[PDB]
């Protein structure tokens, strides 16, 4: 009697490439590529477990651009430059970026503390600010190779900065290949999402917000996004075919978002299985065990993730010692294992690149201890998505209807509802009336609405600039 454990790490970035200048206006795709996107599947090289991954096609596009040397990244150019050639604006954006990440454990360098107490920086101090920002995002693989430079902590030269950059781009160049390798070796399944990570339920039927938040105000959806919804899925199938050689049979719905109509569309497009959130299941069915494989209308397989276990990694364990956190995690799986007489399937699903920056040492002590302890447990069998879809000694249930929602409170309020987010949908709706190319699909990505209508934060202007630029470009 085994507990079946399914890790599904979801990787995504919206398109930071501004369509008129061709410039990557934020460096987040680069920094999460060198820190997490290669290194997360790379754990499978050292640990005999199964781990699954989601790669959005818009993320894949940017990884390709960086890997091929075509990405003009404005922040990264400020990093690469000799400090004597830095513009005042570039120094300000460098300092701004440091302040934003300053309290995170991966930025725990004494020299960063010294430099941010300084009101004017010379060439050597700017070289340290540039290079330590690079090194703060160093992933597990290169933290071994670059350990001498990392322990330095200060006094970096342009030659050393350039060396780190060359190693980082080598990491990026091998990133798509290692997803292909762990997939071909059976160490994990790889899924994708509709192309630009949109909210498929809203594009299909904006009225589905009223299944959870009946009081919410939405704009006049005077155009249909239903065909655009199909296009996100179809284009995603094409990009996945290019990278991995098959049409995808697993998809992660952006924000875990599902509806009766969205599940229909996924089935119609040949998706055999997806996962969503436990809150959906609780909102939809009275007797709701998340340890079963569900069949929506006998059309498509649905797993409901263990929200508690997913939220321990995403939200709790960063503030713990690695050893305490893994003993807690295994202790919870043991109680699940001891709680039922059948073999439960336990889906752990969350973003794969966003939580580790808040852990000590980028979560490497935690994940190494976690994966080491998992592979020693005889009563735990980690599964690929393919193995979870096919496993016969697993309990099964049919569900006929779900309440539309997301894994954020089970509703859509993080992307629609208040004046400012609704203004984005107004802009999108008007632009869709006049759209002439697929940049309208880029503007349907969920990220733009997430950051809109929120307390002012540094760089929120860039997401707004990107969204409006994609909207403008879509109509030309």
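Positions refer to the first chain, counted from 1.
- Between the stretches 91-99 and 258-266, it is 91-99 that shows the larger average CA temperature factor.
- When the C-alpha B-factors of 348-356 and 396-404 are averaged, 396-404 comes out higher.
- Set against one another, the Cα B-factors of 70, 35, 50, 421 in the record reach their highest point at 70.
- The PDB entry assigns its highest CA temperature factor, among 130, 207, 321, 141, to 321.
- In the deposited entry, the Cα temperature factor of residue 437 sits in the top third of values across the chain's modelled residues.
- Remark: residue 460 belongs to the highest third of its chain, ranked by C-alpha B-factor as recorded.
- Ranked by Cα temperature factor within the chain, residue 238 sits in the middle third according to the deposited record.
- When the modelled residues of the chain are ordered by C-alpha B-factor, residue 276 sits in the lowest third.
- Residue 430: CA B factor in the highest third of modelled residues in this chain (values from the PDB entry).
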